[PDB]
Amino acid sequence: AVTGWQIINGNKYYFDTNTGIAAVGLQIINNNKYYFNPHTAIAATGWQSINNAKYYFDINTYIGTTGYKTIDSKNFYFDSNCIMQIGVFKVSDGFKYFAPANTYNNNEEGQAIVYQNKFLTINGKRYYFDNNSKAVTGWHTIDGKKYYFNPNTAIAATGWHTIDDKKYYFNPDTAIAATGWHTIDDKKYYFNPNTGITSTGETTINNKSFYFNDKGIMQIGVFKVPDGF
């Protein structure tokens, strides 16, 4: 009985060393994944559906693909387990959104698509897309509203966030940087409409002086300001 790697009638079978049996199913050999047909034990190529997970096995090396790949002039992304991944991900040229099937221009499932000048919200994560179809970073003003997008994930931010030692508050539902007076947990705060930062110390508003503590909360009673009590 032949064992080990064998090329039989031009097809790539794999009979294991120990017991010479043909190997069938998803098989991991030398840290590389293959798919051997469960009926004929032949190594297959192309697009493969295994327990509703899609893989793509190269025509030449038969090994499962990882990372970012171009197939038939369309772009796809596969995780470490070679599974076709859907969603927003980092690729060699930036950040792209790989969308479900028949989402845009009858795209294939898991294919990269064109998506410009709009927000996308995938499983409660917001992104904004520019003309280049990436997804944007840092501080942006969109429709007169301030947003922050994480420089490492392009996800829109939320909750109290300390940036350059200055606190900002982003609405938990819409992620807009809060402006003006806001009540949070029954505590009042004031954010400057021009910069968004919280108010610390005495800050006169509309010809009326108000005091905010070190942390930013608003205190009552007698307090020291530069002129006096």
# chains A, B, ... in the order shown; residues from 1 in each chain; ligands from 1
$ closest_atom_pairs --of "region 188-218 of chain A" --to "region 166-174 of chain A" --cutoff "12 Å" --atoms "only C-alpha atoms" --output "CSV"
residue,atom,partner,partner_atom,distance
A:189,CA,A:169,CA,9.9
A:190,CA,A:169,CA,10.4
A:191,CA,A:168,CA,8.0
A:192,CA,A:168,CA,10.2
A:193,CA,A:168,CA,11.7
A:195,CA,A:168,CA,9.5
A:196,CA,A:168,CA,6.6
A:197,CA,A:168,CA,5.4
A:198,CA,A:167,CA,6.1
A:199,CA,A:167,CA,9.3
A:200,CA,A:166,CA,10.2
A:214,CA,A:167,CA,11.5
A:215,CA,A:167,CA,8.9
A:216,CA,A:167,CA,8.7
A:217,CA,A:167,CA,11.8
$ atom_distance --atom1 "CA of residue 98 (chain A)" --atom2 "CA of residue 76 (chain A)"
7.1 Å
$ atom_distance --atom1 "CA of residue 121 (chain A)" --atom2 "CA of residue 97 (chain A)"
11.0 Å
$ residues_around --residues "residue 13 (chain A)" --least-positions-apart "3" --cutoff "10 Å" --atoms "only C-alpha atoms" --output "ChimeraX atom specification"
/A:3-10,16,22-24,36-37,40-44
$ select_by_dssp --residues "region 38-203 of chain A" --states "strand (DSSP E)" --output "PDB file with N, CA, C and O atoms, in the first residue's frame"
ATOM      1  N   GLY A  46     -10.968  25.621  -5.930  1.00  0.00           N
ATOM      2  CA  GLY A  46     -12.065  26.539  -6.169  1.00  0.00           C
ATOM      3  C   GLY A  46     -12.790  26.965  -4.903  1.00  0.00           C
ATOM      4  O   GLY A  46     -12.245  26.961  -3.796  1.00  0.00           O
ATOM      5  N   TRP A  47     -14.042  27.374  -5.097  1.00  0.00           N
ATOM      6  CA  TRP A  47     -14.906  27.748  -3.985  1.00  0.00           C
ATOM      7  C   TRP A  47     -15.551  26.509  -3.386  1.00  0.00           C
ATOM      8  O   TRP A  47     -16.085  25.665  -4.112  1.00  0.00           O
ATOM      9  N   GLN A  48     -15.509  26.395  -2.062  1.00  0.00           N
ATOM     10  CA  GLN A  48     -16.011  25.211  -1.384  1.00  0.00           C
ATOM     11  C   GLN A  48     -16.871  25.612  -0.196  1.00  0.00           C
ATOM     12  O   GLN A  48     -16.496  26.493   0.584  1.00  0.00           O
ATOM     13  N   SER A  49     -18.021  24.958  -0.061  1.00  0.00           N
ATOM     14  CA  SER A  49     -18.948  25.186   1.042  1.00  0.00           C
ATOM     15  C   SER A  49     -18.893  23.994   1.986  1.00  0.00           C
ATOM     16  O   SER A  49     -19.287  22.885   1.612  1.00  0.00           O
ATOM     17  N   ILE A  50     -18.424  24.225   3.207  1.00  0.00           N
ATOM     18  CA  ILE A  50     -18.260  23.176   4.203  1.00  0.00           C
ATOM     19  C   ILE A  50     -18.963  23.629   5.471  1.00  0.00           C
ATOM     20  O   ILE A  50     -18.498  24.561   6.139  1.00  0.00           O
ATOM     21  N   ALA A  53     -19.646  27.206   5.726  1.00  0.00           N
ATOM     22  CA  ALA A  53     -18.486  28.083   5.700  1.00  0.00           C
ATOM     23  C   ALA A  53     -17.835  28.020   4.328  1.00  0.00           C
ATOM     24  O   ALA A  53     -17.597  26.935   3.793  1.00  0.00           O
ATOM     25  N   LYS A  54     -17.557  29.183   3.753  1.00  0.00           N
ATOM     26  CA  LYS A  54     -16.972  29.241   2.424  1.00  0.00           C
ATOM     27  C   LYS A  54     -15.458  29.369   2.503  1.00  0.00           C
ATOM     28  O   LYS A  54     -14.927  30.191   3.253  1.00  0.00           O
ATOM     29  N   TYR A  55     -14.768  28.550   1.718  1.00  0.00           N
ATOM     30  CA  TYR A  55     -13.324  28.623   1.590  1.00  0.00           C
ATOM     31  C   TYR A  55     -12.987  28.701   0.114  1.00  0.00           C
ATOM     32  O   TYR A  55     -13.802  28.342  -0.738  1.00  0.00           O
ATOM     33  N   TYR A  56     -11.776  29.156  -0.187  1.00  0.00           N
ATOM     34  CA  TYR A  56     -11.282  29.153  -1.557  1.00  0.00           C
ATOM     35  C   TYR A  56      -9.902  28.523  -1.587  1.00  0.00           C
ATOM     36  O   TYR A  56      -8.963  29.056  -0.990  1.00  0.00           O
ATOM     37  N   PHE A  57      -9.780  27.405  -2.297  1.00  0.00           N
ATOM     38  CA  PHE A  57      -8.536  26.651  -2.377  1.00  0.00           C
ATOM     39  C   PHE A  57      -7.886  26.901  -3.730  1.00  0.00           C
ATOM     40  O   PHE A  57      -8.505  26.666  -4.773  1.00  0.00           O
ATOM     41  N   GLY A  67      -5.921  35.796   4.496  1.00  0.00           N
ATOM     42  CA  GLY A  67      -5.677  37.201   4.225  1.00  0.00           C
ATOM     43  C   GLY A  67      -6.532  37.758   3.098  1.00  0.00           C
ATOM     44  O   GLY A  67      -7.651  37.309   2.840  1.00  0.00           O
ATOM     45  N   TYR A  68      -5.990  38.770   2.426  1.00  0.00           N
ATOM     46  CA  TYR A  68      -6.710  39.476   1.374  1.00  0.00           C
ATOM     47  C   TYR A  68      -6.367  38.872   0.019  1.00  0.00           C
ATOM     48  O   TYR A  68      -5.190  38.674  -0.296  1.00  0.00           O
ATOM     49  N   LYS A  69      -7.386  38.577  -0.789  1.00  0.00           N
ATOM     50  CA  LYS A  69      -7.155  37.850  -2.028  1.00  0.00           C
ATOM     51  C   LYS A  69      -8.025  38.389  -3.153  1.00  0.00           C
ATOM     52  O   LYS A  69      -9.168  38.804  -2.932  1.00  0.00           O
ATOM     53  N   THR A  70      -7.467  38.386  -4.364  1.00  0.00           N
ATOM     54  CA  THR A  70      -8.199  38.733  -5.575  1.00  0.00           C
ATOM     55  C   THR A  70      -8.552  37.462  -6.342  1.00  0.00           C
ATOM     56  O   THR A  70      -7.659  36.729  -6.781  1.00  0.00           O
ATOM     57  N   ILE A  71      -9.848  37.209  -6.510  1.00  0.00           N
ATOM     58  CA  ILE A  71     -10.355  36.052  -7.238  1.00  0.00           C
ATOM     59  C   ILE A  71     -11.269  36.554  -8.340  1.00  0.00           C
ATOM     60  O   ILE A  71     -12.269  37.227  -8.058  1.00  0.00           O
ATOM     61  N   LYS A  74     -12.423  40.093  -8.453  1.00  0.00           N
ATOM     62  CA  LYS A  74     -13.186  40.558  -7.304  1.00  0.00           C
ATOM     63  C   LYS A  74     -12.371  40.342  -6.035  1.00  0.00           C
ATOM     64  O   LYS A  74     -11.557  39.419  -5.962  1.00  0.00           O
ATOM     65  N   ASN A  75     -12.575  41.194  -5.037  1.00  0.00           N
ATOM     66  CA  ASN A  75     -11.769  41.151  -3.827  1.00  0.00           C
ATOM     67  C   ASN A  75     -12.516  40.453  -2.697  1.00  0.00           C
ATOM     68  O   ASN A  75     -13.708  40.696  -2.486  1.00  0.00           O
ATOM     69  N   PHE A  76     -11.807  39.581  -1.975  1.00  0.00           N
ATOM     70  CA  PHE A  76     -12.344  38.889  -0.815  1.00  0.00           C
ATOM     71  C   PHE A  76     -11.308  38.889   0.301  1.00  0.00           C
ATOM     72  O   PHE A  76     -10.121  39.148   0.081  1.00  0.00           O
ATOM     73  N   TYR A  77     -11.776  38.588   1.511  1.00  0.00           N
ATOM     74  CA  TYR A  77     -10.922  38.502   2.686  1.00  0.00           C
ATOM     75  C   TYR A  77     -11.256  37.247   3.478  1.00  0.00           C
ATOM     76  O   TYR A  77     -12.430  36.954   3.722  1.00  0.00           O
ATOM     77  N   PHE A  78     -10.216  36.522   3.897  1.00  0.00           N
ATOM     78  CA  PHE A  78     -10.361  35.290   4.659  1.00  0.00           C
ATOM     79  C   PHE A  78      -9.554  35.392   5.944  1.00  0.00           C
ATOM     80  O   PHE A  78      -8.422  35.879   5.936  1.00  0.00           O
ATOM     81  N   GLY A  87     -17.592  41.936   6.281  1.00  0.00           N
ATOM     82  CA  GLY A  87     -17.598  43.111   7.130  1.00  0.00           C
ATOM     83  C   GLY A  87     -16.523  44.092   6.706  1.00  0.00           C
ATOM     84  O   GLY A  87     -16.017  44.032   5.594  1.00  0.00           O
ATOM     85  N   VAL A  88     -16.186  44.993   7.621  1.00  0.00           N
ATOM     86  CA  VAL A  88     -15.217  46.053   7.371  1.00  0.00           C
ATOM     87  C   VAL A  88     -13.872  45.600   7.914  1.00  0.00           C
ATOM     88  O   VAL A  88     -13.771  45.196   9.078  1.00  0.00           O
ATOM     89  N   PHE A  89     -12.842  45.658   7.079  1.00  0.00           N
ATOM     90  CA  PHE A  89     -11.538  45.140   7.459  1.00  0.00           C
ATOM     91  C   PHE A  89     -10.410  45.954   6.845  1.00  0.00           C
ATOM     92  O   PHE A  89     -10.587  46.655   5.845  1.00  0.00           O
ATOM     93  N   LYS A  90      -9.240  45.836   7.467  1.00  0.00           N
ATOM     94  CA  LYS A  90      -8.021  46.422   6.931  1.00  0.00           C
ATOM     95  C   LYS A  90      -7.462  45.558   5.810  1.00  0.00           C
ATOM     96  O   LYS A  90      -7.284  44.349   5.975  1.00  0.00           O
ATOM     97  N   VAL A  91      -7.176  46.180   4.672  1.00  0.00           N
ATOM     98  CA  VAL A  91      -6.459  45.545   3.583  1.00  0.00           C
ATOM     99  C   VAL A  91      -5.283  46.433   3.194  1.00  0.00           C
ATOM    100  O   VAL A  91      -5.104  47.530   3.723  1.00  0.00           O
ATOM    101  N   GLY A  94      -5.808  50.188   2.718  1.00  0.00           N
ATOM    102  CA  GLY A  94      -6.644  50.962   3.614  1.00  0.00           C
ATOM    103  C   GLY A  94      -7.677  50.135   4.345  1.00  0.00           C
ATOM    104  O   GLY A  94      -7.368  49.055   4.854  1.00  0.00           O
ATOM    105  N   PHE A  95      -8.903  50.641   4.422  1.00  0.00           N
ATOM    106  CA  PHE A  95     -10.019  49.929   5.023  1.00  0.00           C
ATOM    107  C   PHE A  95     -11.131  49.771   4.000  1.00  0.00           C
ATOM    108  O   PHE A  95     -11.500  50.732   3.322  1.00  0.00           O
ATOM    109  N   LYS A  96     -11.672  48.566   3.891  1.00  0.00           N
ATOM    110  CA  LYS A  96     -12.730  48.311   2.929  1.00  0.00           C
ATOM    111  C   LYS A  96     -13.886  47.573   3.581  1.00  0.00           C
ATOM    112  O   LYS A  96     -13.741  46.953   4.638  1.00  0.00           O
ATOM    113  N   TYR A  97     -15.048  47.678   2.944  1.00  0.00           N
ATOM    114  CA  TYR A  97     -16.269  47.033   3.403  1.00  0.00           C
ATOM    115  C   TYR A  97     -16.663  45.927   2.435  1.00  0.00           C
ATOM    116  O   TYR A  97     -17.100  46.212   1.317  1.00  0.00           O
ATOM    117  N   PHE A  98     -16.531  44.672   2.867  1.00  0.00           N
ATOM    118  CA  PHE A  98     -16.925  43.511   2.076  1.00  0.00           C
ATOM    119  C   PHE A  98     -18.344  43.122   2.481  1.00  0.00           C
ATOM    120  O   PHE A  98     -18.579  42.699   3.618  1.00  0.00           O
ATOM    121  N   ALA A  99     -19.281  43.255   1.549  1.00  0.00           N
ATOM    122  CA  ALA A  99     -20.711  43.275   1.802  1.00  0.00           C
ATOM    123  C   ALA A  99     -21.365  41.946   1.469  1.00  0.00           C
ATOM    124  O   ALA A  99     -20.817  41.139   0.715  1.00  0.00           O
ATOM    125  N   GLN A 111     -17.730  39.848  -1.239  1.00  0.00           N
ATOM    126  CA  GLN A 111     -16.946  40.607  -2.201  1.00  0.00           C
ATOM    127  C   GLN A 111     -16.816  42.054  -1.748  1.00  0.00           C
ATOM    128  O   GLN A 111     -17.740  42.614  -1.151  1.00  0.00           O
ATOM    129  N   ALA A 112     -15.662  42.655  -2.028  1.00  0.00           N
ATOM    130  CA  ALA A 112     -15.493  44.081  -1.800  1.00  0.00           C
ATOM    131  C   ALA A 112     -16.330  44.867  -2.802  1.00  0.00           C
ATOM    132  O   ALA A 112     -16.389  44.535  -3.989  1.00  0.00           O
ATOM    133  N   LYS A 118     -21.130  58.014   2.631  1.00  0.00           N
ATOM    134  CA  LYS A 118     -22.245  57.713   3.516  1.00  0.00           C
ATOM    135  C   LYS A 118     -21.734  56.952   4.730  1.00  0.00           C
ATOM    136  O   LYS A 118     -20.601  56.456   4.748  1.00  0.00           O
ATOM    137  N   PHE A 119     -22.572  56.921   5.760  1.00  0.00           N
ATOM    138  CA  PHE A 119     -22.281  56.150   6.957  1.00  0.00           C
ATOM    139  C   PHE A 119     -22.810  54.731   6.810  1.00  0.00           C
ATOM    140  O   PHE A 119     -23.845  54.497   6.181  1.00  0.00           O
ATOM    141  N   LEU A 120     -22.086  53.782   7.391  1.00  0.00           N
ATOM    142  CA  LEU A 120     -22.509  52.392   7.468  1.00  0.00           C
ATOM    143  C   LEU A 120     -22.536  51.963   8.927  1.00  0.00           C
ATOM    144  O   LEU A 120     -21.548  52.135   9.646  1.00  0.00           O
ATOM    145  N   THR A 121     -23.597  51.283   9.324  1.00  0.00           N
ATOM    146  CA  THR A 121     -23.598  50.811  10.720  1.00  0.00           C
ATOM    147  C   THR A 121     -23.753  49.296  10.707  1.00  0.00           C
ATOM    148  O   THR A 121     -24.850  48.826  10.427  1.00  0.00           O
ATOM    149  N   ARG A 126     -20.395  52.210  13.927  1.00  0.00           N
ATOM    150  CA  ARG A 126     -20.574  53.111  12.800  1.00  0.00           C
ATOM    151  C   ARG A 126     -19.245  53.388  12.106  1.00  0.00           C
ATOM    152  O   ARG A 126     -18.189  53.456  12.739  1.00  0.00           O
ATOM    153  N   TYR A 127     -19.315  53.550  10.787  1.00  0.00           N
ATOM    154  CA  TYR A 127     -18.191  53.997   9.979  1.00  0.00           C
ATOM    155  C   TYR A 127     -18.689  55.056   9.012  1.00  0.00           C
ATOM    156  O   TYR A 127     -19.874  55.099   8.676  1.00  0.00           O
ATOM    157  N   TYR A 128     -17.773  55.897   8.546  1.00  0.00           N
ATOM    158  CA  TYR A 128     -18.073  56.849   7.490  1.00  0.00           C
ATOM    159  C   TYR A 128     -17.134  56.607   6.322  1.00  0.00           C
ATOM    160  O   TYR A 128     -15.934  56.391   6.518  1.00  0.00           O
ATOM    161  N   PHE A 129     -17.675  56.644   5.106  1.00  0.00           N
ATOM    162  CA  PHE A 129     -16.899  56.359   3.908  1.00  0.00           C
ATOM    163  C   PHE A 129     -16.743  57.619   3.071  1.00  0.00           C
ATOM    164  O   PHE A 129     -17.700  58.381   2.902  1.00  0.00           O
ATOM    165  N   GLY A 138      -9.826  59.900  13.076  1.00  0.00           N
ATOM    166  CA  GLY A 138      -9.702  61.104  13.886  1.00  0.00           C
ATOM    167  C   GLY A 138     -11.003  61.911  13.947  1.00  0.00           C
ATOM    168  O   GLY A 138     -12.101  61.380  13.775  1.00  0.00           O
ATOM    169  N   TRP A 139     -10.878  63.210  14.215  1.00  0.00           N
ATOM    170  CA  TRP A 139     -11.998  64.150  14.319  1.00  0.00           C
ATOM    171  C   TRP A 139     -12.533  64.563  12.946  1.00  0.00           C
ATOM    172  O   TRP A 139     -11.757  65.029  12.117  1.00  0.00           O
ATOM    173  N   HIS A 140     -13.847  64.473  12.717  1.00  0.00           N
ATOM    174  CA  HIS A 140     -14.530  64.983  11.517  1.00  0.00           C
ATOM    175  C   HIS A 140     -15.837  65.696  11.888  1.00  0.00           C
ATOM    176  O   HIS A 140     -16.540  65.282  12.806  1.00  0.00           O
ATOM    177  N   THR A 141     -16.183  66.772  11.170  1.00  0.00           N
ATOM    178  CA  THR A 141     -17.501  67.421  11.281  1.00  0.00           C
ATOM    179  C   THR A 141     -18.347  67.014  10.082  1.00  0.00           C
ATOM    180  O   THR A 141     -18.008  67.363   8.955  1.00  0.00           O
ATOM    181  N   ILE A 142     -19.426  66.276  10.319  1.00  0.00           N
ATOM    182  CA  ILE A 142     -20.343  65.767   9.294  1.00  0.00           C
ATOM    183  C   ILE A 142     -21.718  66.373   9.587  1.00  0.00           C
ATOM    184  O   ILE A 142     -22.214  66.252  10.707  1.00  0.00           O
ATOM    185  N   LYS A 145     -22.134  68.341  12.797  1.00  0.00           N
ATOM    186  CA  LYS A 145     -21.960  67.542  14.018  1.00  0.00           C
ATOM    187  C   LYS A 145     -20.558  66.949  14.070  1.00  0.00           C
ATOM    188  O   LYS A 145     -20.056  66.462  13.062  1.00  0.00           O
ATOM    189  N   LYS A 146     -19.913  66.984  15.238  1.00  0.00           N
ATOM    190  CA  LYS A 146     -18.580  66.394  15.423  1.00  0.00           C
ATOM    191  C   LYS A 146     -18.680  64.899  15.680  1.00  0.00           C
ATOM    192  O   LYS A 146     -19.515  64.460  16.464  1.00  0.00           O
ATOM    193  N   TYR A 147     -17.788  64.147  15.062  1.00  0.00           N
ATOM    194  CA  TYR A 147     -17.604  62.714  15.232  1.00  0.00           C
ATOM    195  C   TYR A 147     -16.117  62.443  15.422  1.00  0.00           C
ATOM    196  O   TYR A 147     -15.272  63.191  14.918  1.00  0.00           O
ATOM    197  N   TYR A 148     -15.802  61.358  16.117  1.00  0.00           N
ATOM    198  CA  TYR A 148     -14.455  60.816  16.154  1.00  0.00           C
ATOM    199  C   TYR A 148     -14.483  59.372  15.698  1.00  0.00           C
ATOM    200  O   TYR A 148     -15.320  58.593  16.148  1.00  0.00           O
ATOM    201  N   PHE A 149     -13.549  59.017  14.832  1.00  0.00           N
ATOM    202  CA  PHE A 149     -13.398  57.668  14.318  1.00  0.00           C
ATOM    203  C   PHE A 149     -12.028  57.143  14.734  1.00  0.00           C
ATOM    204  O   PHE A 149     -11.006  57.789  14.494  1.00  0.00           O
ATOM    205  N   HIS A 161     -14.522  60.021  26.968  1.00  0.00           N
ATOM    206  CA  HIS A 161     -13.227  59.689  26.395  1.00  0.00           C
ATOM    207  C   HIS A 161     -12.260  60.827  26.671  1.00  0.00           C
ATOM    208  O   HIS A 161     -12.581  61.991  26.427  1.00  0.00           O
ATOM    209  N   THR A 162     -11.083  60.493  27.190  1.00  0.00           N
ATOM    210  CA  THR A 162     -10.053  61.485  27.465  1.00  0.00           C
ATOM    211  C   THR A 162      -9.056  61.494  26.314  1.00  0.00           C
ATOM    212  O   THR A 162      -8.391  60.487  26.046  1.00  0.00           O
ATOM    213  N   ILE A 163      -8.995  62.619  25.608  1.00  0.00           N
ATOM    214  CA  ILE A 163      -8.124  62.807  24.458  1.00  0.00           C
ATOM    215  C   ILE A 163      -7.291  64.046  24.730  1.00  0.00           C
ATOM    216  O   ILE A 163      -7.845  65.103  25.058  1.00  0.00           O
ATOM    217  N   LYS A 166      -8.004  65.963  27.804  1.00  0.00           N
ATOM    218  CA  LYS A 166      -9.256  66.700  27.843  1.00  0.00           C
ATOM    219  C   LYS A 166     -10.417  65.738  27.650  1.00  0.00           C
ATOM    220  O   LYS A 166     -10.383  64.883  26.762  1.00  0.00           O
ATOM    221  N   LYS A 167     -11.435  65.873  28.489  1.00  0.00           N
ATOM    222  CA  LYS A 167     -12.569  64.969  28.440  1.00  0.00           C
ATOM    223  C   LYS A 167     -13.556  65.403  27.367  1.00  0.00           C
ATOM    224  O   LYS A 167     -13.824  66.591  27.177  1.00  0.00           O
ATOM    225  N   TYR A 168     -14.103  64.418  26.666  1.00  0.00           N
ATOM    226  CA  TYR A 168     -15.188  64.633  25.729  1.00  0.00           C
ATOM    227  C   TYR A 168     -16.245  63.587  26.017  1.00  0.00           C
ATOM    228  O   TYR A 168     -15.942  62.504  26.524  1.00  0.00           O
ATOM    229  N   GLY A 180     -22.856  72.140  24.656  1.00  0.00           N
ATOM    230  CA  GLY A 180     -23.744  72.900  25.511  1.00  0.00           C
ATOM    231  C   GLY A 180     -23.970  72.211  26.846  1.00  0.00           C
ATOM    232  O   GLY A 180     -23.119  71.475  27.346  1.00  0.00           O
ATOM    233  N   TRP A 181     -25.137  72.464  27.431  1.00  0.00           N
ATOM    234  CA  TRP A 181     -25.498  71.866  28.709  1.00  0.00           C
ATOM    235  C   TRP A 181     -26.034  70.460  28.490  1.00  0.00           C
ATOM    236  O   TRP A 181     -26.803  70.221  27.555  1.00  0.00           O
ATOM    237  N   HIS A 182     -25.620  69.528  29.345  1.00  0.00           N
ATOM    238  CA  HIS A 182     -26.118  68.165  29.276  1.00  0.00           C
ATOM    239  C   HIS A 182     -26.181  67.566  30.671  1.00  0.00           C
ATOM    240  O   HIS A 182     -25.280  67.757  31.492  1.00  0.00           O
ATOM    241  N   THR A 183     -27.254  66.822  30.924  1.00  0.00           N
ATOM    242  CA  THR A 183     -27.417  66.069  32.158  1.00  0.00           C
ATOM    243  C   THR A 183     -27.056  64.614  31.896  1.00  0.00           C
ATOM    244  O   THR A 183     -27.608  63.979  30.992  1.00  0.00           O
ATOM    245  N   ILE A 184     -26.095  64.109  32.662  1.00  0.00           N
ATOM    246  CA  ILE A 184     -25.611  62.741  32.550  1.00  0.00           C
ATOM    247  C   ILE A 184     -25.594  62.161  33.952  1.00  0.00           C
ATOM    248  O   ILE A 184     -24.877  62.666  34.822  1.00  0.00           O
ATOM    249  N   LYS A 187     -26.165  64.486  36.696  1.00  0.00           N
ATOM    250  CA  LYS A 187     -25.111  65.468  36.919  1.00  0.00           C
ATOM    251  C   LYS A 187     -25.030  66.393  35.714  1.00  0.00           C
ATOM    252  O   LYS A 187     -25.005  65.924  34.574  1.00  0.00           O
ATOM    253  N   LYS A 188     -24.989  67.697  35.960  1.00  0.00           N
ATOM    254  CA  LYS A 188     -24.958  68.641  34.855  1.00  0.00           C
ATOM    255  C   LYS A 188     -23.524  68.983  34.462  1.00  0.00           C
ATOM    256  O   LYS A 188     -22.643  69.153  35.310  1.00  0.00           O
ATOM    257  N   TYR A 189     -23.298  69.077  33.154  1.00  0.00           N
ATOM    258  CA  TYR A 189     -22.016  69.472  32.593  1.00  0.00           C
ATOM    259  C   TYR A 189     -22.255  70.446  31.454  1.00  0.00           C
ATOM    260  O   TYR A 189     -23.348  70.502  30.886  1.00  0.00           O
ATOM    261  N   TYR A 190     -21.217  71.206  31.121  1.00  0.00           N
ATOM    262  CA  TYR A 190     -21.255  72.127  29.996  1.00  0.00           C
ATOM    263  C   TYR A 190     -20.047  71.888  29.106  1.00  0.00           C
ATOM    264  O   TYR A 190     -18.906  71.917  29.579  1.00  0.00           O
ATOM    265  N   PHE A 191     -20.305  71.656  27.825  1.00  0.00           N
ATOM    266  CA  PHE A 191     -19.274  71.484  26.811  1.00  0.00           C
ATOM    267  C   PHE A 191     -19.266  72.726  25.932  1.00  0.00           C
ATOM    268  O   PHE A 191     -20.329  73.195  25.512  1.00  0.00           O
ATOM    269  N   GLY A 201     -13.523  75.031  36.084  1.00  0.00           N
ATOM    270  CA  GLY A 201     -13.332  76.339  36.670  1.00  0.00           C
ATOM    271  C   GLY A 201     -14.469  77.273  36.325  1.00  0.00           C
ATOM    272  O   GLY A 201     -15.475  76.896  35.718  1.00  0.00           O
ATOM    273  N   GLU A 202     -14.307  78.530  36.724  1.00  0.00           N
ATOM    274  CA  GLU A 202     -15.333  79.518  36.431  1.00  0.00           C
ATOM    275  C   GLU A 202     -15.312  79.866  34.950  1.00  0.00           C
ATOM    276  O   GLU A 202     -14.276  80.246  34.397  1.00  0.00           O
ATOM    277  N   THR A 203     -16.474  79.734  34.308  1.00  0.00           N
ATOM    278  CA  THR A 203     -16.640  80.004  32.881  1.00  0.00           C
ATOM    279  C   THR A 203     -17.930  80.793  32.703  1.00  0.00           C
ATOM    280  O   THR A 203     -19.021  80.226  32.809  1.00  0.00           O
TER     281      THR A 203
END
$ atom_distance --atom1 "CA of residue 115 (chain A)" --atom2 "CA of residue 93 (chain A)"
15.2 Å
$ residues_around --residues "residue 66 (chain A)" --least-positions-apart "5" --cutoff "6 Å" --atoms "only C-alpha atoms" --output "PyMOL selection string"
chain A and resi 78-80+82
$ write_last_selection --atoms "N, CA and C atoms" --output "short mmCIF file (atom, residue, chain, number, x, y, z; two decimals), in the first residue's frame"
data_model
loop_
_atom_site.label_atom_id
_atom_site.label_comp_id
_atom_site.auth_asym_id
_atom_site.auth_seq_id
_atom_site.Cartn_x
_atom_site.Cartn_y
_atom_site.Cartn_z
N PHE A 78 -10.22 36.52 3.90
CA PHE A 78 -10.36 35.29 4.66
C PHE A 78 -9.55 35.39 5.94
N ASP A 79 -10.13 34.92 7.04
CA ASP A 79 -9.47 35.00 8.34
C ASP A 79 -8.37 33.95 8.44
N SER A 80 -7.84 33.78 9.65
CA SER A 80 -6.78 32.80 9.86
C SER A 80 -7.23 31.38 9.58
N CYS A 82 -9.01 30.47 7.14
CA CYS A 82 -9.27 30.45 5.71
C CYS A 82 -10.74 30.67 5.37
#
$ residues_around --residues "residue 132 (chain A)" --least-positions-apart "5" --cutoff "9 Å" --atoms "only C-alpha atoms" --output "PDB file with N, CA and C atoms, in the first residue's frame"
ATOM      1  N   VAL A 114     -18.164  48.962  -3.907  1.00  0.00           N
ATOM      2  CA  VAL A 114     -18.032  50.414  -3.888  1.00  0.00           C
ATOM      3  C   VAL A 114     -19.039  50.971  -2.893  1.00  0.00           C
ATOM      4  N   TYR A 115     -18.577  51.863  -2.016  1.00  0.00           N
ATOM      5  CA  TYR A 115     -19.435  52.409  -0.968  1.00  0.00           C
ATOM      6  C   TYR A 115     -18.832  53.754  -0.570  1.00  0.00           C
ATOM      7  N   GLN A 116     -19.433  54.839  -1.057  1.00  0.00           N
ATOM      8  CA  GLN A 116     -18.843  56.166  -0.956  1.00  0.00           C
ATOM      9  C   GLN A 116     -19.814  57.151  -0.325  1.00  0.00           C
ATOM     10  N   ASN A 117     -19.250  58.075   0.453  1.00  0.00           N
ATOM     11  CA  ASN A 117     -19.949  59.267   0.930  1.00  0.00           C
ATOM     12  C   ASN A 117     -21.244  58.914   1.656  1.00  0.00           C
TER      13      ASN A 117
END
$ closest_residue --among "A:61, A:103, A:131, A:52" --to "residue 83 (chain A)" --atoms "only C-alpha atoms"
A:52
$ residues_around --residues "residue 45 (chain A)" --least-positions-apart "5" --cutoff "7 Å" --atoms "only C-alpha atoms" --output "JSON, numbers by chain"
{"A": [57, 58, 59, 62]}
$ write_last_selection --atoms "N, CA, C and O atoms" --output "PDB file, in the first residue's frame"
ATOM      1  N   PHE A  57      -9.780  27.405  -2.297  1.00  0.00           N
ATOM      2  CA  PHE A  57      -8.536  26.651  -2.377  1.00  0.00           C
ATOM      3  C   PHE A  57      -7.886  26.901  -3.730  1.00  0.00           C
ATOM      4  O   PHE A  57      -8.505  26.666  -4.773  1.00  0.00           O
ATOM      5  N   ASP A  58      -6.641  27.370  -3.703  1.00  0.00           N
ATOM      6  CA  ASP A  58      -5.959  27.801  -4.914  1.00  0.00           C
ATOM      7  C   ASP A  58      -5.853  26.665  -5.919  1.00  0.00           C
ATOM      8  O   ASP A  58      -5.757  25.495  -5.546  1.00  0.00           O
ATOM      9  N   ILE A  59      -5.876  27.021  -7.204  1.00  0.00           N
ATOM     10  CA  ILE A  59      -5.815  26.031  -8.270  1.00  0.00           C
ATOM     11  C   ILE A  59      -4.454  25.351  -8.347  1.00  0.00           C
ATOM     12  O   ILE A  59      -4.350  24.226  -8.847  1.00  0.00           O
ATOM     13  N   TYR A  62      -3.335  24.194  -3.906  1.00  0.00           N
ATOM     14  CA  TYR A  62      -4.431  23.492  -3.246  1.00  0.00           C
ATOM     15  C   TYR A  62      -4.626  23.937  -1.801  1.00  0.00           C
ATOM     16  O   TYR A  62      -5.552  23.473  -1.132  1.00  0.00           O
TER      17      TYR A  62
END
